[PDB]
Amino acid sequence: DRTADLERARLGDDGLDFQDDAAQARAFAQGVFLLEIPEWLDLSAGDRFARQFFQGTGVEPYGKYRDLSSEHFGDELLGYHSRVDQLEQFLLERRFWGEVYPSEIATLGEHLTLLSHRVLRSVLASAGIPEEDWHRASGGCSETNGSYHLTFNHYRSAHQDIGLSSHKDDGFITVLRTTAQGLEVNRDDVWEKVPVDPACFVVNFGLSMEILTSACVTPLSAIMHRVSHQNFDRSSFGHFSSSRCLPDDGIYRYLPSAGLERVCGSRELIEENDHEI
């Protein structure tokens, strides 16, 4: 297979620092890039959670999360889920982290939320959207008011599926921590392997970002991606930012010189992407 050549960025004093302005433009136009993991941020507990959560109460300290199914939350989409592909997941929105996750996992989630916030604001500035529209345009993610899922993934190599079939993420921005081969992206109609680099996150955009920016100078895309069939197990985890969803408003497209036009609801966007994706 092809291997994607990705731009690398780091968080600095003025948001995202790519190598130069040209690289930033390639990165945002491709819809995927690498983000250097801050040296102070500890990912070891998250890594361990992704390796354990599916294993049940015999396995300490995280296997017990296997038992918190969807029926424990009111929200069908949270807790432990076996998927149709090799993937199984544990997903939790931020309003539940403090009560439900281990304290050190909630900490990791909070750090990733603030890191994702900085990345998103750097992207919004590059899109030419006026700053006073950012909070509504981002469904709260330009501050700390969005919906945030910290989601743990395990690929059951004993299952005869693709690892995770082709899809685009919901939401605005995904910060993905992966340390093993498997992720593939359809950059320019060709499937390419994402090179492994455990010192970087993989960052891409979701469908809400694509809708938002479709009329800008450089429309941004929610990149189609998948995880190939795994012959041996694999795990990963990701931080996913989407619009606030308190039972108000919904999903916007930015029109240069005019402001924000509502396209649909927060609800209808996720439930509709759940199927054909």
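For clarity, a rigid core is taken as the largest C-alpha set superposing within 1.5 Å between two forms. Residue indices: 1-based, along the sequence shown.
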In 7 other deposited structures of this protein, with the rigid core superposed, the stretch whose C-alphas stray more from the shown form, 177 to 185 or 69 to 77, is 69 to 77
Would you mind working out which of 215 to 223 and 229 to 237 sits farther from this form in 7 other deposited structures of this protein by RMS C-alpha distance, with the rigid core as the fit? 215 to 223
How big is the unmodelled gap, if any, between residue 247 and residue 248 relative to the deposited sequence? Choose none, 1 to 3, 4 to 9, or 10 or more. 1 to 3
Once average C-alpha B-factors are taken from the entry for 100 to 108 and 185 to 193, the winner is 185 to 193
Taking the mean of the C-alpha B-factors per stretch from the entry, tell me the winner out of 33 to 41 and 211 to 219. 211 to 219
Reading the B-factor column of the entry, which of 26, 225, 48, 234 has the highest value at its C-alpha atom? 26
Specify which of 243, 57, 69, 230 carries the largest Cα B factor in the deposited PDB entry. 69
Considering only modelled residues of the same chain, in which third does the CA B-factor of residue 128 rank: lowest, middle or highest? highest
Would the CA B-factor of residue 163 place it in the lowest, middle or highest third of its chain? lowest
Residue 134: CA temperature factor from the record, placed by chain third, in the middle
Relative to the other modelled residues in the chain, which third contains the C-alpha temperature factor of residue 77: lowest, middle or highest? highest
